[PDB]
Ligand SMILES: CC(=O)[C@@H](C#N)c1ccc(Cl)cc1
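Have a look below at one chain only, the form deposited without this ligand, in structure tokens format.
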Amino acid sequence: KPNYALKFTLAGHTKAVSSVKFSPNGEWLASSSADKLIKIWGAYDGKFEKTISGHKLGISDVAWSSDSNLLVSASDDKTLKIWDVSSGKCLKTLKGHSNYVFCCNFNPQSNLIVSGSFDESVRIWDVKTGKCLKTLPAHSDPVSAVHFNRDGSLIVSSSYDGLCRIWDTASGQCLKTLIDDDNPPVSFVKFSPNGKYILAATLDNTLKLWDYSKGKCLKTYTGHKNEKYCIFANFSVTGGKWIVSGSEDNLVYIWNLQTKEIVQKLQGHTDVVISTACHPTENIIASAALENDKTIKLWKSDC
């Protein structure tokens, strides 16, 4: 089992934190917030680095380019913004969604961005030009998450409409719709690091690992509280192979991926833990919490 212990608490956002993400090169943590700001923090020491500003309304998600140089953020102002982290400049403002933008990611290559919106679509954008390339009529309710697979050829999306769908990046065609025996809102999805699986959260307090190719649910993770918020979930891969997620009882849950047992619960936050991220090389977890808390915490384990 891991032994995550609290190392730093990061204060600075003035409203609920919405997402935290570690840069691929391991140097930085980025955070986004309902306060319309992105903040950068040292990944190892928690030291505040800088604030990146410009959105007109709250931000629900932020994501790093694979070279750790750029961020993309998704906002209630109905835009995404692409940022040069070093200069703090907004390179492009991506206009096209007709309602709040909720989720975003670059492809592993980092020439494309995928976004999901309250407008029920998924859009794919050219990073260099900031132009929308394709609009997929993906869902019949808000899109909660979007993620590219390992080679960028597929996109997975999830929605309040109860579906996870997998899309061909190049053609835009729907290649698969995944749903289990009940239809709760799907609140998060992402491909596994090896690209074989999809990890999906549903708003019935459940995480599931699906074999994408087979269209089969292989593992269920339960024990946490998740009925209300779109809480991120992670694969922790630096030490033991875990699944990590925030929870609506203000804890971070960690499960053994293979056995599905809870291996640790991290206590310390004073509101719902909406987002967690796992460092790419060290056994470090960042967690972020909602309006009554407003902090980010860094936890470290020996394994």
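Throughout, rigid core stands for the largest set of C-alpha atoms superposing within 1.5 Å between the two forms. Only residues modelled in both forms are compared. From 1 onward, residues are counted along the sequence shown.
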Of 205 to 213 and 78 to 86, the stretch with the higher mean C-alpha B-factor in the deposited entry is 205 to 213
From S117, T177, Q173, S73, the top C-alpha temperature factor is at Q173
Listed options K92, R165, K228, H97: highest C-alpha B factor recorded at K228
The third of the chain into which the C-alpha temperature factor of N292 falls is the middle
Among the modelled residues of its chain, the C-alpha B-factor of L251 falls in the third labelled highest
Assert third(CA B-factor, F102) within chain per record equals lowest
The third of the chain into which the C-alpha temperature factor of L6 falls is the middle
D35: C-alpha B-factor third of its chain, per the entry, is the lowest
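Although not depicted, the form solved in complex with this ligand is the subject of the following passage.
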Drop this ligand in from its pose in the entry with it bound via a C-alpha superposition round the site, and with the 3-atom, 2.4 Å backbone or C-beta test the pocket comes out open
Checked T129, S98, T177, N194 for heavy atoms within 4.5 Å of this ligand in the entry with it bound; positive is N194
Students should find that, of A63, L257, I52, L251, the residue having a non-hydrogen atom no more than 4.5 angstroms from this ligand in the entry with it bound is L257
Of 229 to 237, 120 to 128, 82 to 90, 106 to 114, the segment with heavy atoms within 4.5 Å of this ligand in the entry with it bound is residues 229 to 237
Counting only non-hydrogen atoms and a 4.5 angstroms cut-off, does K265 reach this ligand in the entry with it bound?
no
Just one entry of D119, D180, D161, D76 has its C-alpha move 2 Å or more between the shown form and the other one under rigid core superposition, and it is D180
Stretches of at least 3 consecutive residues with Cα shifts of 2 angstroms or more throughout between the shown form and the other one, after core superposition, read in sequence order as 179 to 181
